[PDB]
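Plus 627 on top of the position in the sequence shown (first one is 1) and you've got the authors' numbering.
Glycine residues also receive a C-beta, built at the ideal position from the N, C-alpha and C atoms.
Beneath this line is the structure, given in structure tokens, with notes to follow.
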Amino acid sequence: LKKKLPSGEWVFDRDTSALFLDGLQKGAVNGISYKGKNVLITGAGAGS
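Written out as structure tokens, the structure is:
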């Protein structure tokens with residue numbers, strides 16, 4: 628993940644990307660549940 632510096636740019640945040648890469652591990656051995664979500668996706672053509 629990236630954090631917004633006061634300089635205005637987006638550089639690597641180590642604290643939130645630790646949380647994001649934990650959820651990718653928890654969602655890999657267990658799964659991710661989206662029950663209760665209404666999603667609209669466009670451009671979801673075949674082979675994409």
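Per DSSP, residue i forms a beta bridge with which residues?
i           : result
residue 638 : 630
Kindly list the residues whose CB is nearer than 6 Å to the CB of residue i, restricted to its own chain and excluding five residues on each side of it in sequence; keep chain order.
i           : result
residue 664 : none
residue 649 : none
Please check the pair residue i and residue j, which I expect to be a contact at CB under 8 Å, by giving their CB distance rounded to whole angstroms.
i           : j           : result
residue 628 : residue 643 : 5 Å
residue 640 : residue 653 : Actually they are not in contact, since the Cβ atoms of residue 640 and residue 653 sit about 19 Å apart, beyond 8 Å.
Please report the residue range of the alpha helix (DSSP H) in which residue i lies.
i           : result
residue 667 : From DSSP, residue 667 is part of no alpha helix (DSSP H); its letter is neither H nor E.
residue 653 : 643 to 656
Output needed for residue i: all residues of its chain with C-beta closer than 8 Å, excluding positions within five of it in sequence on either side, in chain order.
i           : result
residue 651 : none
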